[PDB]
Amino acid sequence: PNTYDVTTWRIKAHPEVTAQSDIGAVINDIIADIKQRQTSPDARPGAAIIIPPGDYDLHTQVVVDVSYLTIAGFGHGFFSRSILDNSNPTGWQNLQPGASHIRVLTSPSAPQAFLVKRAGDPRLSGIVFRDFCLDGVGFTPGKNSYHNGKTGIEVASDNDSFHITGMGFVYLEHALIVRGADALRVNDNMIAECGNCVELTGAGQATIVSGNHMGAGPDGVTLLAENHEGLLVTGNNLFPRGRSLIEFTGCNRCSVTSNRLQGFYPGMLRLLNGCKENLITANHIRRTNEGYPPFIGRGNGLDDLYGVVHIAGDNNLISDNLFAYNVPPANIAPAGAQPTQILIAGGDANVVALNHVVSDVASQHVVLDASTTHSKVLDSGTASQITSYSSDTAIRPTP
């Protein structure tokens, strides 16, 4: 009961339109049957749509408008399309992503493979997307452009208690987008080789983003949060080549702890447009130069004075972080300049303590811009590894 398998369900008016030819059409007809049956606001349990191991083409955008809908598969089936596209496929035993593999072949007018939204009142709640694969197939015009106008899963209406786990997102301009998230959970996923990985837009409350593997694109964000409060980002392994790896705009009282960050460009961790009272601690922050040839020479338009960690806001605590910076003197922007590990762009009362910096070149561990006030820097470098353009900055040298 209330359980469907995409491969056994026939579309009565269109019998040869299967999960293989258009799983999008198939899922929309299933959701139509769910609404068919559950007409009572007091009797709308939802349902589970299972996606068997296989290759499925999605031409028709799926509109999800039922609460507690679960779309699950048996695997994330990730496969590096990036390496395939930059390698010689001769004799290769695999040329594509697997598991419950959905190839997103959406039209411009309906970008998203899945678009969750509903009008009227109760906000959508309890929707779960798990253990299946969303593949954008390829990048266009350039094979390494990270552009293709497709989106995997997008939640456009305010949502409560959503759960996104065990997923596999690959080669999508936008993997996952969730606006107005509340008690959202994005954990144990593989989101990579996507222009953008996770975008929490609009605003948010007590959301959790942990245990995930992320890799974005030069012109995209890996993890982005807009006007969020209570966001916990922990135990994620964010690797190369978003424009940033963690980017908060105007979020307050959030926490970024126990994470692994690896970027090839300036501003891997950004706190923009007045982020207040956030905790950034116990994170490994490694900045280095792009190591995979196909992408050598690409950038995010930022120079090394932007800082690996960029803070614009008040009362944020950046501590107990390990900075490993290895970048060719010649790749350092501007010529002659000392790389900035932590830049306090503006704001009041920011505190920077116990941050170990390791770098191949002379670097300013912490820089407090002339706009900053009442900042505090403790055990984050010697006096000559710290530049304070403010005169009310309190500094304590690492002995």
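In case it trips you up, residue 1 is the first one in the sequence shown, and so on.
K.L.:
Output the stretch having the higher mean C-alpha B factor in the entry; the candidates are 321 to 329 and 163 to 171.
P.N.:
It is 321 to 329.
K.L.:
Between 128 to 136 and 294 to 302, name whichever shows the higher mean Cα B factor according to the PDB entry.
P.N.:
Higher mean C-alpha B-factor: 294 to 302.
K.L.:
Using the temperature factors of the C-alpha atoms in this entry, rank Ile50 within its chain: lowest, middle or highest third.
P.N.:
Lowest third, going by the recorded CA B-factors of the chain.
K.L.:
Once the chain's modelled residues are ordered by C-alpha B factor and cut into thirds, is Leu105 in the lowest, middle or highest one?
P.N.:
Middle third - that is where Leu105 ends up once the chain's C-alpha B-factors are sorted.
K.L.:
Among all modelled residues of this chain, ranked by Cα B factor, put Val361 in the bottom, middle or top third, i.e. lowest, middle or highest.
P.N.:
Top third by C-alpha B-factor.
K.L.:
Is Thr90 in the lowest, middle or highest third of its chain when residues are ranked by C-alpha B-factor?
P.N.:
For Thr90, whose C-alpha B-factor we compare with every modelled residue in the chain, the answer is the highest third.
K.L.:
Could you tell me which third, lowest, middle or highest, the C-alpha B-factor of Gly307 occupies within its chain?
P.N.:
Its C-alpha B-factor belongs to the middle third of this chain's values.
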